[PDB]
């Protein structure tokens, strides 16, 4: 989408995976979807380094709305959970140097069942603009046909544009086509800053595997179309939560960088371990994700329960990731010819290799004809950065 936004993958925080649609502020006041939750996160995004690391969008997912539109046909914030309204929230978020995302739906209802925007695209567009909304995640639930799905995503795009406000537009369009029709990503990119392709992530290794396997199975179809201002969205980071082992968290952070995915944390910033904080704020790994060239990585090979993925970076550099998919035994030896990496050219005549994950460590110079040997933990990933010696 040629709106000047998302020139690198968007970074921020999204409430959904961790907090979902908890509307019970009587029993669970510290975890229900309320203005207070978001004010608290915005404070922590500044004070604990998230903004500095580059996480700047603070994003409301589903279940912020009141059940009914108002008399003028507008979506209303829920009055008991957001008593001061979205405008005041946006102002508060803006006063911290952060940006506000919000959620709406292309069809008649949101997935959680609140008012959808079908029949109100322009009004909802105007409302968000006026409130000072900086990003819109637009879901594809309760949409009766694919014609109506496309038209809606397009109409809202144009609507957002006509407001004159810069708003990052995140679509779920191709996800709700699959596997009923073949998305045309040239069309989709004309209208969207990013797009979800696949099923909802959850807090599981099954989920991460399934997203990586789906992406590599479909990479020939979706990798080339991504770039500055138009990205593949494989959904949230679930690092720092409950259901992934440390090695599986690293795999996610490594592969989200390789994939040029937007980086939306979904966790509790009030209760996050120093290790998860460290991984999510890893400067070198974020730098890979935020590479200005915006060329999305891909799976180079699979075999023997190993996976090799690689991403072309700027400055004649490459990021390479090796995953161990064997979920039994110990760390496993993997050996690859550096001549196979970077389409032959990463290490011609030589390259310097730095391990970034799971720990940072310089490996040294590797000549074109040589071999790389790593030990990779079960469900873990080694992330390497290759620097050609031609500069």
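Residue numbers count along the first chain shown, from 1.
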Exercise. When the C-alpha temperature factors are averaged for each of 245 to 253 and 301 to 309, which stretch ends up with the higher value in the entry?
Worked result: 301 to 309
Exercise. Which has the higher mean CA temperature factor in the PDB entry, 148 to 156 or 172 to 180?
Worked result: 172 to 180
Problem set entry | Out of 213, 105, 200, 203, highest CA B-factor residue | 200
For this session: Would you mind finding, among 58, 359, 66, 323, the residue with the largest C-alpha temperature factor in the entry?
Result: 359
For this session: Ordered by C-alpha B-factor within the chain, which third holds residue 224? Give me lowest, middle or highest, please.
Result: highest
Exercise. Within this chain, which third does the Cα B-factor at residue 8 fall in: lowest, middle or highest?
Worked result: lowest
Exercise. Of the three thirds of its chain by CA temperature factor, lowest, middle or highest, which one includes residue 52?
Worked result: highest
Exercise. Considering only modelled residues of the same chain, in which third does the CA B-factor of residue 20 rank: lowest, middle or highest?
Worked result: middle
For this session: Sort the modelled residues of this chain by their C-alpha B factor and say whether residue 142 lands in the lowest, middle or highest third.
Result: highest
